[PDB]
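Tertiary structure, described
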There are 6 protein chains.
Amino acid sequence: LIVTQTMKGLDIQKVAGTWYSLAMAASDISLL
Amino acid sequence: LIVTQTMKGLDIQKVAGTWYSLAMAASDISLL
Amino acid sequence: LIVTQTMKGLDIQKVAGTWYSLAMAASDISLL
Amino acid sequence: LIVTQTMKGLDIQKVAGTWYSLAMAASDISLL
Amino acid sequence: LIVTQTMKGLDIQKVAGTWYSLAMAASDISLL
Amino acid sequence: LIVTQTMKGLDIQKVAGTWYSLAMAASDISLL
């Protein structure tokens with residue numbers, strides 16, 4: 001598979017917590 | 001499969017919690 | 001698989017917590 | 001964009017004229 | 001962009017004229 | 001860009017004229 005993730009002009013503030021990521025791509029994605 | 005995820009001009013504030021990601025793409029997606 | 005993750009013009013502030021990463025890509029992604 | 005304008009403890013007196021505003025924020029600001 | 005404008009303890013007197021504002025923030029600022 | 005403008009304990013008097021603002025921040029600033 002071909003994966004293209006593009007982000008332009010983002011403004012993020014006050015992100016208290018377990019922020020994992022913004023763009024995450026792979027073969028198998030299992031989150032418990 | 002071909003996956004294209006584009007984001008422009010985002011403004012995110014006060015995101016307390018387990019924010020995983022914004023654009024996530026893969027073969028298998030299983031979330032418990 | 002081919003993975004391309006592009007980020008331009010990001011502004012991040014006050015990110016208290018366990019911020020893992022912004023763009024994360026691999027074969028297997030398992031998060032507990 | 002994220003805009004935060006805070007004012008505490010202001011004392012204004014004798015303001016003869018075309019007083020527009022105190023805190024003004026927007027995308028485009030053109031004043032002739 | 002992230003903009004934070006804070007004002008505490010201001011005392012303004014005798015402001016005859018075209019007083020526009022105190023804290024003004026936006027994307028484009030053109031004043032003629 | 002991240003912009004923080006802080007003002008504490010200001011005393012302004014007799015401000016005859018075209019007083020625009022105190023703290024002004026944005027992307028493009030063109031004044032003629």
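Residue numbers count from 1 along every chain, following the sequence as written rather than necessarily the entry numbering; any residue without coordinates is not displayed. The lettering of chains begins at A and the numbering of ligands begins at 1, in the order of writing. With hydrogens and water set aside, each side-chain value is computed from the structure's full complement of heavy atoms.

Any two strands with at least two DSSP bridges between them are considered paired. Secondary structure elements are taken from DSSP: a helix is a run of H or I of four residues or more, a strand is a run of E of two residues or more, and numbering for both begins at the N terminus. Ordered by their spatial adjacency, three strands build an open sheet running β1(B)-β1(A)-β1(C), and the pairing between neighbours is parallel. A single partner strand is all that each edge strand has here, and the edge strands are β1 (2-13) of chain B together with β1 (2-13) of chain C. Strand after strand, the sheet turns through a mean of 0° between neighbouring axes, direction not considered. In this sheet, β1 of chain B lies alongside strand β1 (residues 2-13) of chain A in parallel orientation, the contact comprising eleven bridges. Here an angle of 0 to 180 degrees is reported between the N-to-C directions of two axes, which are lines fitted to C-alpha atoms, with helices fitted over the stretch in contact.

Counting from both sides, the interface comprises 32 residues of chain C and, opposite them, 32 residues of chain A. Buried area: the accessible area, evaluated with a 1.4 Å probe, that two parts lose upon being put together, summed over both parts. Summed over the three residues of chain C that lose the most area to chain A, namely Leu1, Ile29 and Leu31 of chain C, the buried surface amounts to 19% of that side. Only one rule defines a salt bridge in this text: a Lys or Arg side-chain nitrogen within 4 Å of an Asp or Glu carboxyl oxygen. Run the count over chain C and chain A and you get zero salt bridges. The definition of a polar contact used here is a pair of N or O atoms within 3.5 Å, where within protein one atom must be able to donate a hydrogen and the other to accept one, and adjacent residues in sequence count solely through side-chain atom pairs. At the boundary of chain C with chain A, the tally comes to 31 residue pairs in polar contact. If one sorts the elements of the side of chain C that touches chain A by residue count, β1 of chain C sits on top with twelve residues. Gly is placed with the polar residues, together with every amino acid not listed as nonpolar (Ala, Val, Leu, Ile, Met, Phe, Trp, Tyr, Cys and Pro) or charged (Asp, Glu, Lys and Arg). For the side of chain C that touches chain A, the class distribution of residues is 18 nonpolar, ten polar and four charged. We call two residues contacting when some pair of their heavy atoms lies within 4.5 Å.

Moving on to a nonpolar patch on the surface. Together, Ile2 of chain A, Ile2 of chain B together with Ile2 of chain C line one region of the surface with nonpolar side chains, adding up to about 310 Å² of accessible area. For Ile2 of chain A, the position within the fold is in strand β1. Like-charged residues are merged into a patch within 9 Å and nonpolar side chains (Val, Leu, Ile, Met, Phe, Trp, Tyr) within 5 Å, provided each residue has over 30% relative accessible area and no salt bridge. Residue-level accessible areas treat just the shown protein chains as cover; the underlying method is Shrake-Rupley with a 1.4 Å probe.

When the centres of two rings from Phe, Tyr and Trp lie within 6.5 Å, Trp using its six-membered ring, the rings pair. Their planes under 30 degrees apart give stacked, over 60 give edge-to-face, and anything left gives tilted. Across all of its chains, the model carries eight aromatic pairs over all chains by this definition. Seen from their ring centres, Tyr20 of chain A and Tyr20 of chain C are 4.8 Å apart, and the 0° between their planes marks the pair as stacked. Placement of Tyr20 of chain A in the loop between β1 and β2 (23-31) and of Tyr20 of chain C in the loop between β1 and β2 (23-31) is noted, with the two residues assigned to different chains. Here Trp19 of chain D and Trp19 of chain E contribute two aromatic rings whose centre-to-centre distance is 4.9 Å and whose plane-to-plane angle is 0°, an arrangement assigned as stacked. A residue pair is termed interchain when its members come from two chains, as with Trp19 of chain D in the loop between β1 (2-13) and β2 (23-31) and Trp19 of chain E in the loop between β1 (2-13) and β2 (23-31). Judged by relative accessible area, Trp19 of chain D falls into the partly exposed class, the value being 33%. Think of it in three bands: residues with accessible area under 20% of the maximum for their type are buried, residues over 50% are exposed, and the middle band is partly exposed, with areas taken using a 1.4 Å probe on protein chains only.

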